[PDB]
Amino acid sequence: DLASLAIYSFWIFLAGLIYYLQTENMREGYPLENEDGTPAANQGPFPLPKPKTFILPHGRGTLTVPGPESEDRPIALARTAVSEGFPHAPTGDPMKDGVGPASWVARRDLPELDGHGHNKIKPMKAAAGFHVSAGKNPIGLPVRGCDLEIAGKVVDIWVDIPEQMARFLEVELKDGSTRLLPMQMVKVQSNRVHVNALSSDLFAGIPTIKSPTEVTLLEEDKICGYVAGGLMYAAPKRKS
Amino acid sequence: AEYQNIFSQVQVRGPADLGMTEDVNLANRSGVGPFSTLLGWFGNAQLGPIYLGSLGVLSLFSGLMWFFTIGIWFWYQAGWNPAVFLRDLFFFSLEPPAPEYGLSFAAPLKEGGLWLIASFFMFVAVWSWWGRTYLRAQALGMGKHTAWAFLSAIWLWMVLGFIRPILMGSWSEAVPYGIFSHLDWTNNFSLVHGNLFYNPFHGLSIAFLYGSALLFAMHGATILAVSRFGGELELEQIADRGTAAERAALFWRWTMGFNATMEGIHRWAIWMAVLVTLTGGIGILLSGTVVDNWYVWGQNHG
Amino acid sequence: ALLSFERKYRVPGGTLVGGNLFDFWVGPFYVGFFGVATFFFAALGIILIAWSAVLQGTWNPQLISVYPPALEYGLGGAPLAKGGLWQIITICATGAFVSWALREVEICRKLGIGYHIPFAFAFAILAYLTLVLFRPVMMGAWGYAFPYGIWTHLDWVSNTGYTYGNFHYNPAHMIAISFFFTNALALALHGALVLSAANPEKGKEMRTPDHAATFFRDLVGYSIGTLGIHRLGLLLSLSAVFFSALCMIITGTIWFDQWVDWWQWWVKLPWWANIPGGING
Ligand code: BCL
Ligand code: BCL
Ligand code: BCL
Ligand SMILES: CC[C@H]1c2cc3[nH]c4c(c3C)C(=O)[C@H](C(=O)OC)c4c3nc(cc4[nH]c(cc(n2)[C@@H]1C)c(C(C)=O)c4C)[C@@H](C)[C@@H]3CCC(=O)OC/C=C(\C)CCC[C@@H](C)CCC[C@H](C)CCCC(C)C
Ligand SMILES: CC[C@H]1c2cc3[nH]c4c(c3C)C(=O)[C@H](C(=O)OC)c4c3nc(cc4[nH]c(cc(n2)[C@@H]1C)c(C(C)=O)c4C)[C@@H](C)[C@@H]3CCC(=O)OC/C=C(\C)CCC[C@H](C)CCC[C@H](C)CCCC(C)C
Ligand SMILES: COC(C)(C)C(=O)C/C=C(\C)CC/C=C(\C)CC/C=C(\C)CCCC/C(C)=C/CC[C@H](C)CC/C=C(\C)CCC=C(C)C
Ligand SMILES: CCCCCCCCCCCC[N+](C)(C)[O-]
Ligand SMILES: CCCCCCCCCCCC[N+](C)(C)[O-]
Ligand SMILES: [Fe+3]
């Protein structure tokens, strides 16, 4: 009967679907590798999917995945045990060498453009018409570290024009240079901005940008990455 | 404590975004609506503009005559007494024609005709809007995913009041128009066919219903956790994998053995939810037409 | 073993308890103290089920079922074969869930990501605990809980529901359902939006989230945005499970009659409770 047939068919269908769905989630990260970077033996039941090419906007080229993968940067780590499956210890200063929760990716060193060709993220002083419609205005306030000692003061709000949303907060240190702190990493308060992630003496450590009016994809990652890894590495300089 | 990014803490406003053009007839897009500071904490605060156009207004109208037609019948039952209307608002109901009339349209307005009217006006309103979702994507040069997925939701709805009542032989097997009333139909329907619980599809259907709450709570929470790296900027992470995309995958790889890609997860997402109405549609179609009782079917499988 | 880009991420640290004792991986699985507490509660718990299987006389999953102690036992203990096993199993179970949540916390920490996933999960766990714990305790016996059987747990939903008539009329259960519906709709739309923008028509170049935000404005006259649609998912999902526990915690405790007769508070309001005509008039 039909019913029994409809249901036997579905499960055969659902199996191809799961087959279909999993190979698709293998376009990035695969093939797998041994801790030393060489092709692993057991690669799993599912095979790599036939390559697909994307056509990046604003004529920035193409993207084929699956494709030859590479970190395109040096990793400062070392084995801690002679058997596969243990943690790898940072040979230098994790925050600076870019590892652990402070690691970044070698994205494109080009800024993001909106649908119309313009840079997607601009400072607010360069963003005509934009202003703080609601909530406390951060600009003008001192930025405090996870050690309760001040590190600087907010000078501007880098916003996402297409989604009209603040992504970063420009900050001025003692030497008078600025830095980008991701919005999703600070608690704006009635009289100050708090950054539990970093400690006073770590803002200078933050990666700086090349152009004072643009952040590239590569630089976004180094910034966000650096700021995040201090939840672990800046821990010995914090109090609750 | 730690920032959770649930609600924005600083709002920012700029020149109303009139949006991309492409092959769209900018002559139809209305003007920009106001800005909602309220809605501005969860997400964007810009209301409007909305693309009207021919087929679009058709839907808007057909969709209002549906509501208004059910409304006047609700009022006939209320005896045009304002007080009764708000009281028995959930009790009223525009039931389908008696099983005697079958699949005909020669039924009286006080015994089923007014239902048929309402259903025709809604048959128009939904399909024309479906087309709207397809055309509105053609104009921007995008994929028709939203179109096909909306089709599955229709598949269930169609089976419920069109395809099934016709395969059975009368408009009486259709769903009525009312709050409480369509709540009894649902219960009755199971009872008449031997407790839907024994239905393989209805049960496969709940698998995805729950599955959607699991996938979306999972996806959303994962994306919020990595937004500190620009996670919510997915399309972006798709053309250029950032630390937000790798850490997001690694969390799930170390938790349950396997992970997904920034795009792949949206293929799980889309299919996980669509498979809800797709299965519950085959389940309700085969119920009462090929299978009379699911407990019985359950003992055999034949 | 590793994803091409995984090594820079596997560093020591993040452990809530233990230090570096269980700070390593088994294949692609991260272990950890809670990684070991989990395998324990699970193994032991799977054993108590194969044992409650010999005491029933069946090894068929579709038959196998672990029932709770009869109402006569109350909140007291019970013999293994008669309510005993279920009780240790609820402990092993509750122990497996909380321990899996805390294992994700340690993972969260390593990677430096947010604690939103384990938090969310915790809502699921709370629903389970509402059924096997919070409700029973409040009523007076472990017999008001559900059993562990593929088809016997559904018999419970069925019988449990009708025990109050058409469960459809539970106001909380009513609300909880809309969130479940909405979530699906949102999950469909979202995964359907992103996929369309990154997979346009042939020969055309990858669309931008600007095309995306437009598409919806042209459709519904509004675009919640990227960060918003995700805050929306998470919210509808959790809100959906919150109203599911709330609808059950009040069922049998503050309200134990027919749910349909509850809506009589609205209809019998002095203002219009006696105006003739309508459905009740
Ligand atoms: C699936 C099996 C049954 C069924 C079983 C149930 C059960 C069980 C429940 C509902 C619930 C609801 N169902 Mg029903 N429902 C069915 C088919 C439908 C159809 C349909 C066209 O096929 C519609 C329009 C509805 C409509 C509704 C809403 C009244 C309510 C919340 C739904 C929701 O969250 O959507 C989410 C989607 C949206 C984002 C948009 C829609 C917004 C809502 C508010 C719809 C408004 C339009 C209008 C029809 C409502 C009139 C109320 C006032 C007079 C204005 N059902 C089939 C027949 N449905 C719940 C309810 O509370 O019932 C009282 C409930 O507990
Ligand atoms: C919460 C609402 C009600 C209830 C009402 C229903 C209804 C109604 C139905 C189900 C259905 C199912 N229920 Mg139930 N169910 C409840 C509580 C539970 C519990 C629990 C510990 O609390 C669990 C584990 C399950 C598990 C299950 C599955 C057997 C099945 C598919 C669910 C699914 O797709 O979810 C989505 C989750 C995923 C896709 C993730 C993967 C889930 C896999 C499938 C888990 C399987 C576990 C199972 C085989 C037991 C393993 C335990 C031991 C380790 C061996 N239910 C409570 C009492 N359940 C449907 C069914 O068809 O089964 C008869 C069905 O019709
Ligand atoms: C006593 C009740 C019976 C029962 C009888 C039924 C019946 C009858 C049906 C379901 C259906 C469903 N049941 Mg059941 N079910 C029971 C117990 C359960 C339990 C449980 C006990 O825990 C659960 C979790 C479910 C869960 C579910 C869903 C998985 C499924 C519907 C999915 C859906 O999202 O449709 C919601 C989506 C839609 C209806 C699509 C409609 C889309 C249209 C196009 C919307 C148009 C809007 C309109 C024009 C108005 C515009 C809006 C305004 C502008 C606001 N059932 C018991 C056994 N169940 C359906 C099913 O598929 O079964 C196999 C169904 O028909
Ligand atoms: C795949 C399964 C899920 C799904 C998917 C889905 N639904 C969809 C789509 C998709 C992918 C669309 O693209 C399409 C859409 O455009 O959404 C934005 C749609 C949609 N699903 C909708 C509803 C809906 N979907 C549902 C279910 C589901 N949809 C599934 C769970 C349900 C239920 C019952 O669970 C409902 C109620 C619509 C929002 C939209 C289709 C709109 C449509 O067809 O309109 C036709 C007619 C009109 C224009 C009528 C308007 C008449 C109203 C003015 C009357 C009411 C007035 C009222 C008092 C107003 C106040 C409301 C207050 C809250 C402020
Ligand atoms: C809160 C919103 C929804 C949600 C969210 C959610 N679920 C989650 C998460 C989140 C955010 C996770 O991070 C976590 C996960 O890792 O997903 C991949 C999880 C998860 N949700 C799961 C299942 C699940 N979630 C469900 C529901 C939901 N999850 C909600 C609807 C459901 C149902 C029935 O709707 C199920 C079946 C797991 C896949 C996974 C958690 C895995 C886990 O806890 O592993 C530890 C435990 C074991 C390895 C097994 C223990 C064995 C026991 C000791 C004995 C068996 C006893 C059991 C009670 C028998 C029941 C028999 C049934 C037939 C009744
Ligand atoms: C304030 O008062 C006024 C009068 C101003 C109002 O406007 C108030 C109005 C309200 C009181 C309206 C209330 C409306 C509701 C309570 C509506 C509830 C609707 C549901 C619960 C619907 C549930 C399910 C519906 C289903 C499954 C419908 C399916 C329809 C179809 C598939 C259409 C099938 C087509 C038919 C039979 C005709 C086809 C004919 C052809 C020629 C093709
Ligand atoms: C190093 C290879 C590791 C492969 C292990 C993959 C784990 C598969 C995920 C669990 C399978 C789930 N299930 C039973 C719910 O379908
Ligand atoms: C119901 C959800 C079940 C999920 C399907 C299981 C897919 C397992 C994929 C394992 C992939 C193995 N690999 C390559 C990562 O080692
Ligand atoms: Fe997403």
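Residue numbers (UniProt numbering), protein chains in the order written: chain A, 11 to 250; chain B, 2 to 303; chain C, 2 to 282.
Ideal Cβ positions, reconstructed from N, Cα and C, are used throughout, including at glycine.
Min CB distance residue i to chain B below 8 Å
| i | result |
| --- | --- |
| A:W114 | yes |
| C:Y10 | yes |
| A:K146 | yes |
Closer than 8 Å to chain C by CB, residue i
| i | result |
| --- | --- |
| B:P50 | yes |
| A:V109 | yes |
| A:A238 | yes |
| A:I216 | no |
| A:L42 | yes |
| A:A176 | no |
| B:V11 | no |
| A:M242 | yes |
For residue i, three-class secondary structure by DSSP
| i | result |
| --- | --- |
| A:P57 | coil |
| C:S197 | helix |
| B:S288 | strand |
| C:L4 | strand |
| C:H174 | helix |
| C:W26 | strand |
| B:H146 | helix |
| B:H194 | coil |
| C:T209 | coil |
| B:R133 | helix |
| A:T188 | strand |
| C:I92 | helix |
| C:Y10 | coil |
| B:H183 | helix |
Test: residue i CB closer than 8 Å to a CB of chain A
| i | result |
| --- | --- |
| B:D241 | yes |
| B:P201 | yes |
| B:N6 | yes |
| C:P62 | no |
| C:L132 | no |
| C:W101 | no |
| C:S5 | yes |
| B:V292 | yes |
| C:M207 | yes |
| B:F91 | no |
Counted within 10 angstroms of its Cβ, other Cβ atoms place residue i as buried (16 or more) or exposed
| i | result |
| --- | --- |
| C:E73 | exposed |
| A:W168 | buried |
| B:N301 | exposed |
| B:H267 | buried |
| A:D119 | exposed |
| C:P148 | exposed |
| A:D211 | exposed |
| B:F217 | buried |
* Taking any heavy atom of ligand 1 as the mark, which residues have a C-beta closer than 6 Å to it, listed down the chain? -> After applying the 6 Å Cβ criterion, the set is B:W158, B:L161, B:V176, B:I180, B:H183, B:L184, B:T187, C:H169, C:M175, C:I178, C:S179, C:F182, C:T183, C:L186.
* Mind listing, in chain order, the continuous beta strand (DSSP E) runs of no fewer than 3 residues lying wholly within the region 213 to 272 of chain C? => none
* **Closer than 6 Å to ligand 7: residues, by C-beta to nearest heavy atom, in chain order** => B:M257, B:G258, B:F259, C:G28, C:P29
* 3 or more residues per run - each beta strand (DSSP E) lying fully within the region 97 to 180 of chain A -> 98 to 100, 152 to 154, 160 to 170
* Can you check the region 244 to 296 of chain B for any alpha helix (DSSP H) of at least 4 residues that lies completely inside it and give the ranges in chain order? => Runs of the alpha helix (DSSP H) inside the region 244 to 296 of chain B: 244 to 257, 266 to 286.
* To do: Pick out the complete alpha helix (DSSP H) segments inside the region 129 to 193 of chain C, 4 residues or longer, and give them in chain order.
  => 136 to 140, 153 to 163
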